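Remarks on the structure that follows.
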Amino acid sequence: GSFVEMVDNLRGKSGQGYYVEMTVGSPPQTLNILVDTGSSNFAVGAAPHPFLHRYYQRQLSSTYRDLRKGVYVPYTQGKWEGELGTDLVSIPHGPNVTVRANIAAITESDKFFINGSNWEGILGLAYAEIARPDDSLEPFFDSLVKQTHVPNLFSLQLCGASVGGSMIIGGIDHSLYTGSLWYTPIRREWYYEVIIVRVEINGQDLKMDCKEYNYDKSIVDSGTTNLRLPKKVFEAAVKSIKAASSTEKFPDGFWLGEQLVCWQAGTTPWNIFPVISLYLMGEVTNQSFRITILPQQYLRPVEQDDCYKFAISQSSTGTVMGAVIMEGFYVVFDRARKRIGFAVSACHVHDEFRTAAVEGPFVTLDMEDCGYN
Ligand SMILES: Nc1nc2cc(Cl)ccc2n1CCCO
């Protein structure tokens, strides 16, 4: 159908993630919450922090229940640390429901909250398997679906260009995509893990053992800015991208995502840069489909001139189809049918002569062999 109250309920800063408004507690305390399909905890600032401007005040909530258990979430750059509890949660620009949910009240953190991001918490929309401290801590979306009649599905239109978009909870809004939704199976319910079966740069096959594309996994992750690629794939991809864009040379550092590249306002030569196609395993035997993104997706605008960072980066933990991938597409997390749908976003950034694309089917044999174990 349409979901007009949910359309345009996401905001963000470029490279700092998309957030949605949520209320916690009785009476409701409004907070801006990162929409993160790459994690499974609902965690909110619950104490002062230099970069937090409002936080969850549990003592002010009558419906707050203390679970009397700590949670510690270390990772690459830092950590967050907090106190588990439950409280009533709503999404003002969401479905008209209120659910009791687990909430991690973040008390201590390091390099978690980003200066000027305007979000104060994280909504992990992935599965319980990757929830902290363990999978017995039911994620918000699980609770939402269990406590209401909201279908087990959500969809994200992340528009990029300050950034905005939409999270449609419990449905698919046709106003937000053009052409067909193509579905890839969720290989395993933990992250939203998918299988990439082929990769092209301007139609030229990267020509690797397709396992390399999914080493050690490939996931769809709204909480990651970049397209991240396994070392082997990243190098081959960058090699090909360089070759395709070779009428202009850029510094080594640009390709590492360090340095900006700038052009006179409006003269960015999009056309010299190649499109990137990921073929995803289809739902039908021996069928794949492809999603195609533009440089307008993988060259992230950064603050006279129009400046950009290269938003494809190397990974050691597999492929991450982050906001770079997602901003081309309306992405349907069809949990009920263990699949993820892609269609061309009606809001994606493109130029006169090229658009992101979702096309299929393609005969692709032995696609299970592309999965890494
Ligand atoms: N999306 C995401 N949200 C996260 C939250 C934390 Cl605390 C750590 C890592 C996170 N990631 C990365 C997962 C994919 O590599």
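By convention here, the chains of the structure tokens are called A, B, ... in the order presented, each chain's residues are numbered starting at 1, and ligands are numbered starting at 1 in the order presented.
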Neighbours of residue 312 (chain A) within 8 Å (only C-alpha atoms; same-chain residues fewer than 2 positions away dropped), as a count of residues only?
-> 10
Enumerate, as a list in words, the complete set of residues in region 130-239 of chain A that a backbone-based DSSP assignment places in alpha helix (DSSP H).
-> residues 140, 141, 142, 143, 144, 145, 146, 147, 231, 232, 233, 234, 235, 236, 237, 238 and 239 of chain A
Within 6 Å of ligand 1 (only C-alpha atoms and all ligand atoms), residues as a PyMOL selection string = chain A and resi 36+38-39+73+75+221+223-224
Would you mind listing what lies within 12 Å of residue 76 (chain A) as a VMD selection string, with only C-alpha atoms counted and same-chain residues fewer than 5 positions away left out?
-> chain A and resid 110 to 112 316 to 317
Could you tell me which of A:214, A:62, A:80, A:166 comes closest to residue 198 (chain A) if we count only C-alpha atoms?
-> A:214
May I ask for the distance between CA of residue 108 (chain A) and CA of residue 32 (chain A), given in Å to one decimal place?
-> 18.3 Å
Looking at A:152, A:268, A:296, A:77, which one is nearest to residue 248 (chain A), with distances taken over only C-alpha atoms?
-> A:268
Check the DSSP output for the backbone and give back, as an mmCIF file with N, CA and C atoms, in the first residue's frame, the residues of region 165-267 of chain A in strand (DSSP E or B).
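File states-v6.cif, as written:
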data_model
loop_
_atom_site.group_PDB
_atom_site.id
_atom_site.type_symbol
_atom_site.label_atom_id
_atom_site.label_comp_id
_atom_site.auth_asym_id
_atom_site.auth_seq_id
_atom_site.Cartn_x
_atom_site.Cartn_y
_atom_site.Cartn_z
ATOM 1 N N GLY A 165 15.534 9.859 4.230
ATOM 2 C CA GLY A 165 14.910 8.706 3.610
ATOM 3 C C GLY A 165 13.718 8.178 4.385
ATOM 4 N N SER A 166 13.485 6.867 4.278
ATOM 5 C CA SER A 166 12.279 6.281 4.844
ATOM 6 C C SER A 166 12.496 4.906 5.346
ATOM 7 N N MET A 167 11.970 4.645 6.530
ATOM 8 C CA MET A 167 11.786 3.301 7.018
ATOM 9 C C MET A 167 10.291 2.985 7.124
ATOM 10 N N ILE A 168 9.849 2.053 6.279
ATOM 11 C CA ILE A 168 8.478 1.594 6.270
ATOM 12 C C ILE A 168 8.499 0.318 7.044
ATOM 13 N N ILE A 169 7.816 0.311 8.175
ATOM 14 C CA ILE A 169 7.787 -0.844 9.065
ATOM 15 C C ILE A 169 6.478 -1.540 8.773
ATOM 16 N N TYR A 177 9.767 3.075 -5.037
ATOM 17 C CA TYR A 177 10.584 2.411 -6.039
ATOM 18 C C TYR A 177 9.923 2.424 -7.414
ATOM 19 N N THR A 178 10.772 2.209 -8.410
ATOM 20 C CA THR A 178 10.342 2.040 -9.778
ATOM 21 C C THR A 178 10.771 0.653 -10.251
ATOM 22 N N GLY A 179 10.075 0.149 -11.261
ATOM 23 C CA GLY A 179 10.379 -1.163 -11.806
ATOM 24 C C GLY A 179 10.125 -2.236 -10.781
ATOM 25 N N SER A 180 10.792 -3.376 -10.940
ATOM 26 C CA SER A 180 10.521 -4.578 -10.135
ATOM 27 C C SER A 180 11.396 -4.744 -8.904
ATOM 28 N N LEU A 181 10.799 -5.277 -7.853
ATOM 29 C CA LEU A 181 11.551 -5.787 -6.722
ATOM 30 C C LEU A 181 12.076 -7.154 -7.077
ATOM 31 N N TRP A 182 13.385 -7.317 -6.917
ATOM 32 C CA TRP A 182 14.031 -8.594 -7.057
ATOM 33 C C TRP A 182 14.517 -9.001 -5.689
ATOM 34 N N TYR A 183 14.304 -10.271 -5.346
ATOM 35 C CA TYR A 183 14.628 -10.815 -4.025
ATOM 36 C C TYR A 183 15.803 -11.773 -4.058
ATOM 37 N N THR A 184 16.657 -11.618 -3.068
ATOM 38 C CA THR A 184 17.743 -12.528 -2.837
ATOM 39 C C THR A 184 17.432 -13.191 -1.483
ATOM 40 N N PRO A 185 17.726 -14.483 -1.355
ATOM 41 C CA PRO A 185 17.540 -15.153 -0.066
ATOM 42 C C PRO A 185 18.451 -14.608 1.025
ATOM 43 N N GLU A 189 19.973 -16.153 9.117
ATOM 44 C CA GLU A 189 19.379 -15.083 9.900
ATOM 45 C C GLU A 189 20.270 -14.720 11.084
ATOM 46 N N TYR A 192 21.905 -9.661 7.995
ATOM 47 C CA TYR A 192 21.234 -9.943 6.778
ATOM 48 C C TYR A 192 22.218 -10.374 5.722
ATOM 49 N N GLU A 193 22.591 -11.643 5.797
ATOM 50 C CA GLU A 193 23.605 -12.210 4.935
ATOM 51 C C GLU A 193 23.046 -12.613 3.582
ATOM 52 N N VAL A 194 23.733 -12.168 2.538
ATOM 53 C CA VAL A 194 23.386 -12.493 1.156
ATOM 54 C C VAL A 194 24.555 -13.161 0.457
ATOM 55 N N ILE A 196 26.624 -12.865 -3.060
ATOM 56 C CA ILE A 196 27.008 -12.251 -4.322
ATOM 57 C C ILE A 196 27.624 -13.300 -5.214
ATOM 58 N N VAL A 197 27.107 -13.379 -6.426
ATOM 59 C CA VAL A 197 27.482 -14.417 -7.360
ATOM 60 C C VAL A 197 28.338 -13.943 -8.526
ATOM 61 N N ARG A 198 28.353 -12.634 -8.754
ATOM 62 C CA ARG A 198 29.172 -12.042 -9.802
ATOM 63 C C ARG A 198 29.271 -10.560 -9.533
ATOM 64 N N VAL A 199 30.388 -9.971 -9.949
ATOM 65 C CA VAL A 199 30.649 -8.558 -9.807
ATOM 66 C C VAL A 199 31.218 -8.049 -11.127
ATOM 67 N N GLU A 200 30.632 -6.966 -11.612
ATOM 68 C CA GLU A 200 31.117 -6.285 -12.810
ATOM 69 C C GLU A 200 31.391 -4.820 -12.513
ATOM 70 N N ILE A 201 32.367 -4.280 -13.232
ATOM 71 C CA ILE A 201 32.664 -2.854 -13.220
ATOM 72 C C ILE A 201 32.485 -2.437 -14.668
ATOM 73 N N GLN A 204 32.394 -5.196 -17.112
ATOM 74 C CA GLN A 204 33.560 -6.080 -17.115
ATOM 75 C C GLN A 204 33.606 -6.888 -15.840
ATOM 76 N N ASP A 205 33.565 -8.201 -16.021
ATOM 77 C CA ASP A 205 33.537 -9.185 -14.953
ATOM 78 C C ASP A 205 34.837 -9.112 -14.149
ATOM 79 N N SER A 218 28.765 -11.740 3.155
ATOM 80 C CA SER A 218 28.294 -10.508 2.558
ATOM 81 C C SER A 218 27.030 -10.159 3.286
ATOM 82 N N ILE A 219 26.891 -8.892 3.675
ATOM 83 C CA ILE A 219 25.730 -8.454 4.437
ATOM 84 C C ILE A 219 25.235 -7.119 3.929
ATOM 85 N N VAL A 220 23.946 -6.865 4.169
ATOM 86 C CA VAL A 220 23.297 -5.593 3.916
ATOM 87 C C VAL A 220 23.210 -4.873 5.258
ATOM 88 N N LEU A 227 30.518 0.865 0.737
ATOM 89 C CA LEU A 227 30.627 -0.468 0.214
ATOM 90 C C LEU A 227 31.992 -0.945 0.659
ATOM 91 N N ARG A 228 32.011 -2.005 1.456
ATOM 92 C CA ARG A 228 33.264 -2.590 1.903
ATOM 93 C C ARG A 228 33.425 -3.951 1.227
ATOM 94 N N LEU A 229 34.646 -4.249 0.789
ATOM 95 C CA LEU A 229 34.907 -5.429 -0.020
ATOM 96 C C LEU A 229 36.088 -6.191 0.555
ATOM 97 N N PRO A 230 36.005 -7.530 0.541
ATOM 98 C CA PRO A 230 37.143 -8.338 0.980
ATOM 99 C C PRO A 230 38.398 -7.921 0.233
ATOM 100 N N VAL A 261 38.378 14.531 -3.573
ATOM 101 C CA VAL A 261 38.588 15.015 -4.921
ATOM 102 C C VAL A 261 37.495 16.033 -5.146
ATOM 103 N N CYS A 262 37.862 17.157 -5.749
ATOM 104 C CA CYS A 262 36.949 18.282 -5.902
ATOM 105 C C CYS A 262 36.897 18.724 -7.343
ATOM 106 N N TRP A 263 35.720 19.175 -7.741
ATOM 107 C CA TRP A 263 35.502 19.724 -9.057
ATOM 108 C C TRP A 263 34.740 21.025 -8.892
ATOM 109 N N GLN A 264 34.912 21.939 -9.844
ATOM 110 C CA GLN A 264 34.078 23.133 -9.916
ATOM 111 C C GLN A 264 32.621 22.733 -9.794
#
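Across A:319, A:222, A:102, A:40, the tightest approach to residue 66 (chain A) is made by A:102 when counting only C-alpha atoms.
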Do you have the CA of residue 64 (chain A)-CA of residue 138 (chain A) distance handy?
-> 16.7 Å
Quick one: residues within 8 Å of residue 65 (chain A), only C-alpha atoms counted, chain neighbours fewer than 3 positions away excluded, as a list in words?
-> residues 85, 86 and 87 of chain A
